[PDB]
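Reading through the structure tokens given below for one structure.
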Protein chains: 4
Amino acid sequence: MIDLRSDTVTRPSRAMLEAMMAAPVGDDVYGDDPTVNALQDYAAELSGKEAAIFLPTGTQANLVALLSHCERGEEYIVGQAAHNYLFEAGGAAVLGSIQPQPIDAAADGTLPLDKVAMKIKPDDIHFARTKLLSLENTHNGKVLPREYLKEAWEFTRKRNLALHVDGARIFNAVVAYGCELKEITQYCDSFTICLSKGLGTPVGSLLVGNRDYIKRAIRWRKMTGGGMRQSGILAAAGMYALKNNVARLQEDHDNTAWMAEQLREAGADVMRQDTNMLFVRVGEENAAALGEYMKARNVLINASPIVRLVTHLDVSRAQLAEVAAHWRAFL
Amino acid sequence: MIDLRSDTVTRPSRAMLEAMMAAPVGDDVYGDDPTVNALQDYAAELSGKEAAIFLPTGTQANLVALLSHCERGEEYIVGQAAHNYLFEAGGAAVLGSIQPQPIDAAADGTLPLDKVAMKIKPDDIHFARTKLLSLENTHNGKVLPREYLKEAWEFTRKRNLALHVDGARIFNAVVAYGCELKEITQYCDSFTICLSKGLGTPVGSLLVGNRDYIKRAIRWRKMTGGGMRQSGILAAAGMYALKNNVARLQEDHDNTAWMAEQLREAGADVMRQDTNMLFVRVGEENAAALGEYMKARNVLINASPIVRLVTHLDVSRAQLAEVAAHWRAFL
Amino acid sequence: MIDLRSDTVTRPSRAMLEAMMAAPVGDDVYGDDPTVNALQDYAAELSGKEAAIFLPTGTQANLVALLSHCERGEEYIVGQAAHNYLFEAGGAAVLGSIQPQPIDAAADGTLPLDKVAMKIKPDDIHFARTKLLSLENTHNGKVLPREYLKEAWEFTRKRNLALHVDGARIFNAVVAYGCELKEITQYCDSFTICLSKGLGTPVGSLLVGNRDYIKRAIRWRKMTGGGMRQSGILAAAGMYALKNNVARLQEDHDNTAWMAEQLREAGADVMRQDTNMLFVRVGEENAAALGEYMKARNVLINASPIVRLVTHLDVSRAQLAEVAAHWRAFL
Amino acid sequence: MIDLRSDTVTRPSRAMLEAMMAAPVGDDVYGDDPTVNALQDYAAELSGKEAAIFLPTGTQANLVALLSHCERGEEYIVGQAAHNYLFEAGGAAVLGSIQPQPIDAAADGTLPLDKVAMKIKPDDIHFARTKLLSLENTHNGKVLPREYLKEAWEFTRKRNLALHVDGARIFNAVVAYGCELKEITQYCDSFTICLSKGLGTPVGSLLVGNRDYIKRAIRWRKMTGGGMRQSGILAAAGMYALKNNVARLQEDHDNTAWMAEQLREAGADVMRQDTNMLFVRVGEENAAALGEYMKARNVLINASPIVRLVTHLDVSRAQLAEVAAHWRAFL
Ligand SMILES: *[C@H](NCC(=O)O)c1c(COP(=O)(O)O)cnc(C)c1O
Ligand SMILES: *[C@H](NCC(=O)O)c1c(COP(=O)(O)O)cnc(C)c1O
Ligand SMILES: *Cc1c(COP(=O)(O)O)cnc(C)c1O
Ligand SMILES: *Cc1c(COP(=O)(O)O)cnc(C)c1O
Ligand SMILES: [Ca+2]
Ligand SMILES: [Ca+2]
Ligand SMILES: [Ca+2]
Ligand SMILES: [Ca+2]
Ligand SMILES: [Ca+2]
Ligand SMILES: [Ca+2]
């Protein structure tokens, strides 16, 4: 019904499913799928990069990204709450033999460069070998400052460190900046793009970067099990998504901001609104009862002291207004 | 438009496509996709197993299968020419920290148990820990003797070893046996099922085993990158294929044996002659040219001193007759 | 000839040397070395543990300790500045496939349990599996409060977590506590003991724990490369040191606090003041020159903005007085 | 008493222990130990290599050698019965993420190059990336043909593959060839040297090779836990061993050959004699009883259908004659 748990729940639109059914395909392992190739060349050109690769999930996109950047024994500085450190079951370490070096992100979602600098290991056999700095744009909805993005870029060049950006929700930051994707991707060596969240595809993600870089990524994609066959049927949804579902993300943002106020006037404690995300401190009491009370009207959220509500193309404001009524009535 | 490179090139049928678009989906990460669940239960019920899991590729199906069976430092005995040892870039060792103990398969495609026994490491700190015997049913078209299957199952039990079967083309074996899937699946703790080859799906594989075993498989799938969202659309295909594309596999088999005689009468040296696979001894660089001659006539093959012709539903006898005609030509 | 770089520079004493040469050996791989066995039993009996194992280094002692405790994909919480996370080139992750979850230690050198609890991963497929809490007693000279030790032990049990203590200098802590080793060892499932630092051995460390735990440690030691032969000669040293070099550690402590006052009265900015370690705030490149000034006078230190002076049995108060004299000089 | 189990049991001679007690030492981590350095420069110059490194065991020497040659995902072609594949608990794979590719050695102990060639993986994302070829000279006593050694050398250069030689018993082959060590080490990029077997040191091994190569080896030695402190006391035994215990290995060889005949005339079935090794097929009956019968007179061998007797400096011919009497009497 009304799912406010994540934007990963968005479903294929009629026009999308059709484009998926009319897509010409080929064996992607042999690199013969027209659609996959098409989706990749497009992504690479829109971002100003040389190559791109389609993957099953964003989790594999990041695992492959990390393996491509870091050899056995190297490390990547990242956030304590970042997806490719916290939410990917420790894969970079467990499977990739890469040393992780996490640090608390600043309140704004960036990684203080002064702190990043303190974590850069001296070239001594006691330490892992620092090699990469991984960011996450839209970090829990948070849009990273553009001045920071430029600064992280310069800093890594000065330290001869790669810079990767987990862009599961990069177009959300993009619509928010009001600029072209290229303007922000010029500040990284590689980044991912998820198609199965706000952009609304059934499955799919992209890793983009330098030609040689992507070349190595291919070997890892195969090893990890991401080398599909006629995956052009999926890449097709991605293309339709990047050409029709980007601008409208501003609608999710406006709704999140609308809901935030409604909830305010409803009595709910609104902690933070950012892009398609809002946070309500519901408390330990009313928490569980909240999930149950909402689940009854077919309203699905992740019960918790602090609830994270996420808006997407499959949730209108009218539906939000209704959810609001139910929240105001929960009191 | 005639592809004999592999059965992985098969494209969706009209029927399949409509079944895919007409399918209900949901976030599989939450287990909310009814189609993924139905595919998994149908597979499980069909082979007499408790549980099944959907994966992007057979490569990830095996890596996950091996990870779920072998702990860090444990070992698996497998064939020098088996897919999960030779054709998966050594993932089990590279990513999973599992020692591989490969041995040559006999001519019938099985692993001589006397050799397997000689490879079981004593419980001594010099050795890895033999944990699993992995087999591959349909091995390069070869169908393992049902007698051996039983022997291997009994052998492992007696030696407290787990048994896994890579069934990328197990249905080709089933059809060749003339029995039910469960009659052969009974001799393995876990087995894999590829839907993207002969069954004609665009993507996907299944790993089938005990409930606890499969539960571990789920964590590994996630870490490896295969935890997709709306896999329903993809699962839908697998459904249609398992109910409508198994039996016809007989047609591919007949075509392979039909073509063997065509190429024989032509002048080619047909070496082997199994299910949907055909092996011809072309000889050096009279083959790298064959790939040219055939490519020119819109006939796609995998040029090599020993060519491997693979049949499937996207190749007909009429087209096969054309290849035999074109083949005999340059001779 | 005055080394304050570390207590790892200590050289064998006359007494120690004769004990080494006068020792009976045998192939430890077969457990045939009476001296290795006696060292291992003495350590075990002394700390109230079932078993102990001899290792080449403390680095291998920890890597093995972590491997024996954590399976592939499991995780350990540790301090951002702990040896087995920061000073061992990330081995636990790189070689053992264990996810590291580091956190900043409080000023007293402990890991705030509230922070540790916040890091325990829920049993969800996105997360690694929190298995162990690793501590480091004597942390850079700091002696952890006995109260905390008990707290950590209780905390872990309640949360079903294992507890390991890196005791490279645990005897420095013991002497500082004024209690018996077993009175602090009781609050950990496993702990390590370095014999090559303050105790004055040329090489070696011990890992102490349960019999089953240590049994696993033995396989890992072998694979890691520490299964030596006639380790008896080396074990002999450890024996002598544990019975003749523990108590004197008080002398190093007094010298450190004596020197703190010497350098204070001189003009240096003594920052910290713990067991056999001393920290001075030198300031940038007025330090890279200090290393020159001192090196010139046969005084070996580890030049740095924040110098770390370490005392041991191969440095006397007389020599310390000389350094204080030479230090005040260039000021 | 009379140990014929292995040559690893040899004990330090009086002159050796003394050289160990008089050796000047330093912290090897800082690279200040005079003796270690001395032992390394000597080994490197005698073999015609640029650098050398001392390690705790030969097992770590090989693990480090493999990690230094192969990055995550690469492979090494080696023997099914080779030490760094079979007797090192699968470390190259388990800890190093290196794919192992074993093949049966020819009867003479070499690895047929024609078979090595068939195992070299094409540069395709399906395969691990072949990088190294590892040999073992003196393989179970067997001295590898010199023409073969030269051939393997050329072959690897033609295929751009590294060539490593596990020389745990290299000086045994050397004394047997009648040439200088350099003449055989010129045919490899790197090799190990064990000091704790025929050469008779308590502990110790060496990895030798190119400067850059050894440099990387150091990082791995630290990670694995082989970076010791005042290990000059051990390296000292090595030096005394390479300058006094090499020539006399011809005495072990002569004795092995003497024993082989005695046992012949005694009634024992002598299968093979090679350097300091002899093999007797004792059978499944008389096997266990043999170990017990011998263990009674203080004669230690490894009971088995086929017994491997190893001679060393701690076993005279007179002792062998006595062992022979006991074997002849066992009938
Ligand atoms: C996925 N979204 C989680 C959520 O519900 O907020 C995600 C990914 C990878 O997605 P997956 O399909 O592999 O699970 C990568 N990075 C971030 C920051 C998120 O948020
Ligand atoms: C050791 N010798 C075993 C025997 O008893 O024959 C060995 C080594 C490594 O020695 P370790 O001290 O690490 O165990 C490496 N390579 C070979 C061929 C042997 O044989
Ligand atoms: C094709 C194949 C695989 C891998 O399948 P993907 O889905 O392409 O990764 C594994 N095993 C066998 C025996 C195969 O034929
Ligand atoms: C010195 C030290 C180690 C490592 O010791 P090695 O024997 O040199 O590897 C580990 N932990 C601490 C806390 C140390 O001070
Ligand atoms: Ca979606
Ligand atoms: Ca297909
Ligand atoms: Ca590994
Ligand atoms: Ca010392
Ligand atoms: Ca690893
Ligand atoms: Ca010895």
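Bear in mind that the values in this text are calculations on the coordinates, not laboratory data. Methodologically, a virtual Cβ is constructed for each residue, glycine included, from the backbone with ideal geometry; neighbour enumeration extends over all protein chains shown.
Report the convex hull volume per residue for chain D, counting only C-alpha atoms, in Å³.
Considering the Cα atoms of chain D, their hull volume per residue is 136 Å³.
What average number of partner chain Cβ atoms lie no more than 10 Å from the Cβ of the residues making up C:70-79?
4
Scan chain D for the residue whose Cβ is closest to the axis carrying it onto chain A, then write down that distance in whole angstrom.
D:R72, 2
Once the label point is placed 7 Å from Cα along Cβ, list for C:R248 the distances to the corresponding points in the other copies, in nm, shortest first.
3.6, 8.0, 8.7
Taking the stretch A:169-260, which GluC sites (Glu not before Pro) meet the DSSP loop condition and have no more than 13 other C-beta atoms within 10 Å?
Counting only loop positions with at most 13 other Cβ atoms within 10 Å, the GluC sites (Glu not before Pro) in the stretch A:169-260 are A:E180.
What is the P(r) of the stretch D:284-325, as percent of Cα-Cα pairs per 5 Å bin from 0?
Spelled out bin by bin, the stretch D:284-325 gives 6, 22, 29, 27, 13, 3, 0 percent.
In whole angstrom, note down how far apart the Cα centers of the stretch C:85-110 and the stretch B:84-137 are.
Distance between centres, Cα-based: 34 Å.
What is the Cα coordinate range of the stretch C:1-107 on the first, second and third principal axes, sorted by size from largest, in whole angstrom?
So the three principal-axis extents are 46, 41, 26 Å.
Of the beta bridges DSSP finds with both residues in chain C, what % are antiparallel, to the nearest 5?
DSSP beta bridges in chain C are roughly 50 percent antiparallel.
Can you tell me, using C-alpha contacts under 8 Å and at least 6 residues apart, the relative contact order of chain D as a whole percent?
Worked out over chain D, it gives 25 percent.
With loop defined by DSSP as not H, G, I, E or B, and exposure as at most 14 other Cβ atoms within 10 Å, which is the longest segment of chain A clear of exposed trypsin sites (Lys or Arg not before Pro)?
A:1-247
Would you list which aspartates and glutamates come within 17 Å of C:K142, measuring only between C-alpha atoms, while excluding same-chain residues fewer than 8 positions from it?
Hits, sequence-local ones excluded: C:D7, C:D104, C:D108, C:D166, C:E251, C:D252, C:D254, C:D274.
Counting pairwise Cα distances across the protein assembly as shown, what percent come out greater than 61 angstrom?
Value for the protein assembly as shown: 19 percent of Cα pairs lie more than 61 Å apart.
Using 7 Å Cα-to-Cβ label points, what is the D:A257/B:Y30 separation (nm, one decimal)?
Reported label-point gap for D:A257 and B:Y30 is 8.1 nm.
Using 7 Å Cα-to-Cβ label points, what is the B:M118/D:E50 separation (nm, one decimal)?
Each label point lies 7 Å from its Cα, and together they span 4.3 nm.
Looking at chain D as a GNM with Cα springs under 10 Å, which of D:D27, D:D314, D:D274 has the largest mean-square fluctuation?
It is D:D27.
For D:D41, place a label point 7 Å out from Cα along the Cα→Cβ vector, do the same in each other copy, and report the separations in nm, one decimal, smallest first.
Ordered by distance, the counterparts are at 4.5, 6.2, 7.7 nm.
Would you tell me the mean number of C-beta atoms belonging to other protein chains that fall within 10 Å of each C-beta in D:227-240, as a whole number?
Whole-number average of other-chain Cβ neighbours for D:227-240 is 5.
Quote the relative contact order of the stretch B:162-232 in percent (integer), defining contacts as alpha-carbon pairs under 8 Å separated by 6+ residues.
26
Tell me the mean residue ellipticity at 222 nm calculated for chain A from its helices only (DSSP H runs of n ≥ 4, each -39500 (n - 2.57), averaged over every residue, nearest 500).
Roughly -13000 deg cm²/dmol at 222 nm, from the helical runs in chain A.
Quick check for me: using +1 on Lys/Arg Cβ and -1 on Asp/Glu Cβ, what's the dipole size of the stretch A:245-331 about its Cα centre, in debye to the nearest 20?
Using Cβ point charges on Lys, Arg, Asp and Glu, the stretch A:245-331 gives about 60 debye.
With only alpha-carbon atoms counted, please give the Rg and Dmax of the stretch B:163-303, in Å.
Both quantities, over Cα of the stretch B:163-303: 18.9, 54 Å.
At 7 Å along the Cα-to-beta-carbon direction for both D:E265 and C:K243, put a label point, then send me their distance in nm to one decimal.
5.1
Any idea how far the Cα center of the stretch A:214-292 sits from the one of the stretch A:1-52, in Å?
Cα centroid to Cα centroid, the span is 17 Å.
Within the stretch A:62-93, whose backbone N sits under 14 Å from a point 7 Å along Cα→Cβ of D:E71?
Zone members listed by number: A:66-75.
What's the average, rounded to a whole number, of partner chain beta-carbon atoms within 10 Å of each residue's beta-carbon in B:57-64?
5
DSSP loop (so not H, G, I, E, B), at most 12 other Cβ within 10 Å: list which chymotrypsin sites (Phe, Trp or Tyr not before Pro) in the stretch D:217-308 pass both filters.
In loop regions of the stretch D:217-308 (DSSP not H, G, I, E or B), there are no sparsely surrounded chymotrypsin sites (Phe, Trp or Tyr not before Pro).
Please state the relative contact order of the stretch A:245-331 as a whole percent: Cα pairs under 8 Å, 6+ residues apart?
32 percent.
Once the label point is placed 7 Å from Cα along Cβ, list for C:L331 the distances to the corresponding points in the other copies, in nm, shortest first.
So the label point of C:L331 gives 6.3, 8.5, 9.4 nm to the other copies.
For C:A321 and D:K158, FRET efficiency with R0 = 60 Å and r from the beta-carbon atoms, rounded to 0.05?
Approximately 0.35, to the nearest 0.05.
Let me know the shape class of the stretch D:243-331, please: from the alpha-carbon gyration tensor, a ≥ b ≥ c as square roots of the eigenvalues, rounded when a/c is under 1.5, otherwise prolate if a/b is greater than b/c, or oblate.
prolate
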